[PDB]
Amino acid sequence: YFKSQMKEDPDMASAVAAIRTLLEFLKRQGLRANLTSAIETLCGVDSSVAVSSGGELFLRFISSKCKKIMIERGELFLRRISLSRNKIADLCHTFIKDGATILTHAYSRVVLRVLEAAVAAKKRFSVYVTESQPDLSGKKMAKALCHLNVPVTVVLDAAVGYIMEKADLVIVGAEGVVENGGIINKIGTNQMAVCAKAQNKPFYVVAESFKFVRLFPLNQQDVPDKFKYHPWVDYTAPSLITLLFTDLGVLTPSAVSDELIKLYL
Amino acid sequence: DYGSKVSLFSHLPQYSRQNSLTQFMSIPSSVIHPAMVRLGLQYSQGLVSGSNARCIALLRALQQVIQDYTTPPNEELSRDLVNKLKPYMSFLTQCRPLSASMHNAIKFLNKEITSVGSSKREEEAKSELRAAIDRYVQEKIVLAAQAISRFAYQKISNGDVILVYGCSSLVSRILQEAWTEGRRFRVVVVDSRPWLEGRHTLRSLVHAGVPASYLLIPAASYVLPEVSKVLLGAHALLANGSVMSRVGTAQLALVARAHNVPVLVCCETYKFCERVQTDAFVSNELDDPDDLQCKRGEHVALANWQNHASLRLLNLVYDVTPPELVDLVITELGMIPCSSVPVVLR
């Protein structure tokens with residue numbers, strides 16, 4: 001379709017942009033084939049799990065002379081997805097303590113919104129960010145966080161185990177939530193979760209509802225190769241995750257499977 | 001024995017405090033030495049319960065016994081003394097089970113006595129035995145705590161939150177010496193029933209000026225998050241690396257590990273035994289069961305517990321901690337791992 005500029009304004013995630021593009025292209029049965037055509041085309045530009053998750057969600061929602069109901073439902077769903085982040089932040093900002101130390105891996109709008117909502121409540125805390133060697137997004141996150149009057153500190157990607165004892169909790173964003181409960185995030189997430197599990201450190205995850213992908217990876221190789229491409233993503237088991245803060249509420253790693261089953265995706 | 005024991009603890013003696021063993025004995029004790037008689041009476045009544053205090057009292061009583069020991073004719077003393085000291089140890093054990101410190105001390109004394117030749121005079125032998133006991137005490141008890149006090153001083157930092165348990169003559173000394181050197185920290189004293197001996201350490205710390213806290217062991221999981229170190233004292237270090245200490249030590253170390261807190265242990269080299277143990281069931285000590293009775297509210301619930309033939313009262317004293325929960329051990333030789341006890345025994 002048109003160029004990747006519906007994301008001209010940066011804030012907005014890639015999955016929301018893909019959903020908007022799909023909804024607008026719907027206003028142009030046999031829809032199914034055309035739409036699958038469209039999702040697939042869309043995916044060439046972005047090898048990301050969130051885009052595919054949103055596409056599959058929209059395809060399931062589509063399940064053709066009665067197009068009024070579909071357009072109305074799509075508009076309502078888009079509004080809900082837009083309000084996703086405020087709800088996630090308002091519900092997760094309560095699990096942060098005054099004077100506690102937080103550890104983040106890479107840049108994410110959700111964790112940034114959570115931190116800003118927590119500091120807006122007259123809370124003081126220190127945050128440790130990993131440099132994200134693949135692409136220097138940790139430095140960007142630290143720069144965007146230093147402006148919020150937070151004592152941020154940047155640590156090397158290899159030094160995630162050296163500062164694990166100082167951290168009190170671990171919070172990171174997930175690009176895609178697998179059925180069992182695991183998450184598909186940056187390459188430097190599984191090792192951090194493993195190091196945190198060995199020290200009884202809570203491992204929290206924040207993610208929206210349009211990232212629930214219906215996959216079941218058994219190991220680091222069962223994940224689709226198109227999403228990894230020096231890989232750019234890894235899988236984390238649910239046994240290393242404490243809770244999940246989504247727009248639907250605070251749930252356990254064993255609750256996303258219930259949602260996917262109720263959805264019959 | 002007094003009362004009904006537990007099915008799993010039926011191979012250990014359960015004595016009582018009211019039942020004294022001096023009833024069926026002559027007021028001037030003929031078969032037993034008066035010094036050892038009063039020592040056993042004190043052990044049974046609980047007048048001396050410290051690990052090192054018990055050994056010191058035993059050695060002083062043995063010195064007193066040797067001072068007034070006459071070797072019969074027709075035999076040497078190097079063997080007569082060893083043959084005579086055995087019934088005294090048996091009577092002491094009957095009064096209260098002996099500890100690893102007392103065992104090692106009596107072993108060393110028997111070895112020293114056997115090292116005495118019949119070529120020497122009686123007075124010289126007695127004087128040499130007394131001097132040997134004195135210098136052994138000074139080395140393994142007095143001088144064995146000054147090196148541990150300056151070794152643990154390095155691991156203590158300003159702002160630390162050290163957590164101790166029970167009563168130990170070495171932990172209190174370490175803390176009181178580290179506080180006077182310049183360190184500024186605060187201690188958390190954990191105690192358990194029914195002995196409640198941690199109040200001794202609490203008072204000894206309050207009199208020294210160290211900020212201290214007090215709480216029962218069930219709440220150890222609530223205060224450990226703020227704790228930085230756990231300094232514990234034990235009674236014996238087994239040959240398999242394990243540690244034998246008060247009953248409320250293994251679970252404390254477990255919770256500390258669960259909260260990711262480094263656990264330490266301080267023991268003297270003379271407490272390094274040679275045996276091994278895997279749990280607190282094969283060799284333990286059951287004290288008087290009536291100690292669990294408590295005046296809670298308006299009346300006691302275990303006032304006539306013996307009327308219920310099915311009810312048992314367990315009063316374990318010692319416990320065994322696995323080497324998987326101990327990080328460092330402090331001795332006069334230096335800081336050694338938990339799995340280096342046999343090396344020191346060598």
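Rules and cut-offs
Residues numbered from 1 in each chain as written, not as in the entry; some residues may be left out. Chains lettered and ligands numbered in written order. Part of a larger assembly, values for the part shown. Heavy atoms only, no water. Residues with missing side-chain atoms left out of burial classes, pairs and counts. Helix = DSSP H or I, 4+ residues; strand = E, 2+ residues; numbered from the N terminus. Rg over C-alpha atoms; globule rule 2.2 N^0.38 Å. Buried < 20%, exposed > 50% of the residue type's maximum accessible area, 1.4 Å probe, protein only. Contact = heavy atoms within 4.5 Å. Pairing = 2+ DSSP bridges. Axes fitted to C-alpha atoms, helices over the stretch in contact; angles between N-to-C directions. Domains from an automatic or database assignment. Buried area = accessible area lost by both parts, 1.4 Å probe. Salt bridge = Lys/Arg side-chain N within 4 Å of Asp/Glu carboxyl O. Polar contact = N/O pair within 3.5 Å; in protein donor to acceptor, adjacent residues only side chain to side chain. Parallel < 35°, antiparallel > 145°, perpendicular 65-115°, else oblique. Left-handed = near helix turned anticlockwise from the far one by under 90°. Nonpolar A, V, L, I, M, F, W, Y, C, P; charged D, E, K, R; others polar. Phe/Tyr/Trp six-rings, centres within 6.5 Å; stacked < 30°, edge-to-face > 60°. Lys NZ or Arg CZ within 6 Å of the ring centre and 35° of its normal. Right-handed = clockwise from strand over helix to strand, strands pointing away. Core = buried A, V, L, I, M, F, W, Y, C linked by side-chain atoms within 4.5 Å. Disulfide = S-S within 2.5 Å.

In the PDB header, cryo-EM is given as the technique by which the entry was determined, and 2.8 Å as its resolution.

Caption draft 1: Spatial organisation of the overall build of chain B. When its secondary structure is counted, chain B shows 10 helices and 10 strands. For 346 residues, the compact-globule estimate of 2.2 N^0.38 gives 20 Å, and chain B sits close to it at 22 Å. Judged by the C-alpha coordinates and their principal axes, chain B covers about 70 × 55 × 35 Å. Counting over 346 residues, chain B shows a buried share of 48%. Once local pairs closer than 6 in sequence are excluded, the contacts in chain B between residues at least 24 apart make up 77%.

Caption draft 2: Looking closely at the overall build of chain A. When you go through chain A residue by residue, the secondary structure sums to 9 helices and 10 strands. Dimensions along the principal axes, computed over C-alpha positions, put chain A at roughly 60 × 40 × 35 Å.

Caption draft 3: Main features of the sheet that holds strand β3 (residues 152-155) of chain A. Residue and element names in this part refer to chain A. Spatially, the 7 strands line up as an open sheet ordered β3-β2-β1-β4-β7-β9-β10, and their pairing is mixed. Each edge of the open sheet is held by one strand with a lone partner, namely β3 and β10 (249-251). With direction set aside, neighbouring strand axes in the sheet form an average angle of 25 degrees. Here strand β9 (residues 243-246) pairs with β10 via 3 bridges, running antiparallel.

Caption draft 4: Geometry of unusual backbone geometry. B:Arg193 connects to B:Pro194 through a cis peptide bond whose omega is -5 degrees. Take B:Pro194: it is sitting in the loop between β2 (186-191) and α7 (198-206). Phi is positive for A:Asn200, which is not a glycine, with a value near 60 degrees. Relative to the elements of secondary structure, A:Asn200 occurs in the loop between α7 (190-197) and β7 (203-206). Despite not being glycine, B:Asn260 has its phi angle at roughly 60 degrees, a positive value. As for its position among the elements, B:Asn260 is in the loop between α9 (250-258) and β7 (263-266).

Caption draft 5: Representation of the domain arrangement of chain B in the model. All names here are of chain B. Under the domain assignment, chain B is made up of domain 1 (1-147) and domain 2 (148-346). Its C-alpha centre places domain 1 at a distance of 27 Å from the equivalent point of domain 2. Contacts between domain 1 and domain 2 engage 30 residues on the former and 32 residues on the latter. With both chains or domains summed, domain 1 and domain 2 bury close to 2,800 Å², and 51% of this area falls on carbon and sulfur atoms. Of all residues in domain 1, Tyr2, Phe9 and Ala147 give up the largest surface area on contact with domain 2, accounting jointly for 22% of the area buried on that side. Viewed at the interface, domain 2 and domain 1 are joined by 2 salt bridges. Across the pair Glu285 and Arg96 runs a salt bridge, and its minimum N-O distance is 3.3 Å. Where domain 1 meets domain 2, there are 18 residue pairs in polar contact.

Caption draft 6: Quick peek at the pairing of strand β8 (residues 318-321) of chain B. Residue and element names in this part refer to chain B. Residues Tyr318 and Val320 point to one face of β8 and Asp319 and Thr321 to the other, with burial holding for every one of them. Pairing between strand β6 (residues 243-246) and β8: 4 bridges, direction antiparallel. Within β8, the position partnered with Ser245 by the bridge is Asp319.

Caption draft 7: Just the packing of helix α4 (residues 68-92) of chain A against helix α5 (residues 109-119) of chain A, in detail. All names here are of chain A. As a packed pair, α4 and α5 sit with axes 9 Å apart at the nearest point and diverge in direction by 50 degrees. On the basis of their axis angle, the class for α4 and α5 is oblique. Crossing hand, α4 versus α5: right-handed. Contacts between α4 and α5 involve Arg85, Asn86, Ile88, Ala89 and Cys92 from the former and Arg109, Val110, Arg113, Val114 and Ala117 from the latter. By residue class, the composition of the contact of α4 with α5 is 6 nonpolar, 1 polar and 3 charged.

Caption draft 8: Fine view of the packing of aromatic side chains. The full count for this structure, using the stated rule, is 9 aromatic pairs over all chains. Measuring from centroid to centroid gives 5.4 Å for A:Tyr1 and A:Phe2, while their planes differ by 80 degrees, and the two rings are edge-to-face. Relative to A:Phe25, the ring of A:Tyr1 lies with its centre 5.0 Å away and its plane at 75 degrees, an arrangement referred to as edge-to-face. With A:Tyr1 in the segment before α1 (14-26) and A:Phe25 in helix α1, this pair connects stretches of sequence that are 24 residues apart. Members of the aromatic cluster, connected to one another through ring pairs, are A:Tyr1, A:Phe2 and A:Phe25. Taking NZ or CZ as reference, B:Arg54 lies 5.2 Å from the ring centre of B:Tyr43, over its face. Residue placement shows B:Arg246 over the ring face of B:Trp195; its charged tip is 5.1 Å from the ring centre.

Caption draft 9: Inspection of the pairing of strand β1 (residues 101-104) of chain A at higher detail. A two-sided burial pattern is seen for β1(A), the buried positions comprising A:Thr101 and A:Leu103 on one face and A:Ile102 and A:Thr104 on the other. As for the winding sense of the linkage, the β-α-β connection from β1(A) through α5(A) to strand β2 (residues 126-130) of chain A is right-handed.

Caption draft 10: Structural detail: the nonpolar core. B:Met36, B:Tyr43, B:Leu58, B:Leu59, B:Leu62 and B:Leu92 are the most contacted members of the largest nonpolar core, which has 39 residues in total. Mapped by element, the contributors of at least two residues to this core are α1 (34-45), α2 (51-67), α3 (77-95), α4 (100-114) and α5 (122-151) of chain B. Ranked by residue count, the leading element in this core is α3(B), at 9 residues. Contacts of B:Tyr43, omitting those with residues within four sequence positions, involve B:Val48, B:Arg54, B:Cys55, B:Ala57, B:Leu58, B:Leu92, B:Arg96 and B:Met102. Judged by nonpolar contacts, the second largest core, of 25 residues, contains A:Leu145, A:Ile171, A:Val206 and A:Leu243.

Caption draft 11: Local environment of the state of the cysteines. Counted under the stated rule, the structure contains 0 disulfides over all chains. No disulfide involves B:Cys167; its sulfur sits 12 Å from that of B:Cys266, the nearest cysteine.

Caption draft 12: Looking closely at the packing of α2(B) against α4(B). All names here are of chain B. Between α2 and α4, whose axes approach to 9 Å, the crossing angle comes to 30 degrees. Of the possible angle classes, the one that applies to α2 and α4 is roughly parallel. For the element pair α2 and α4, the recorded crossing hand is right-handed. On α4, the residues that touch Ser51, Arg54, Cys55, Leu58, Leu59 and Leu62 of α2 are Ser101, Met102, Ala105, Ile106 and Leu109. Its residues assigned to classes, the contact of α2 with α4 shows 8 nonpolar, 2 polar and 1 charged.

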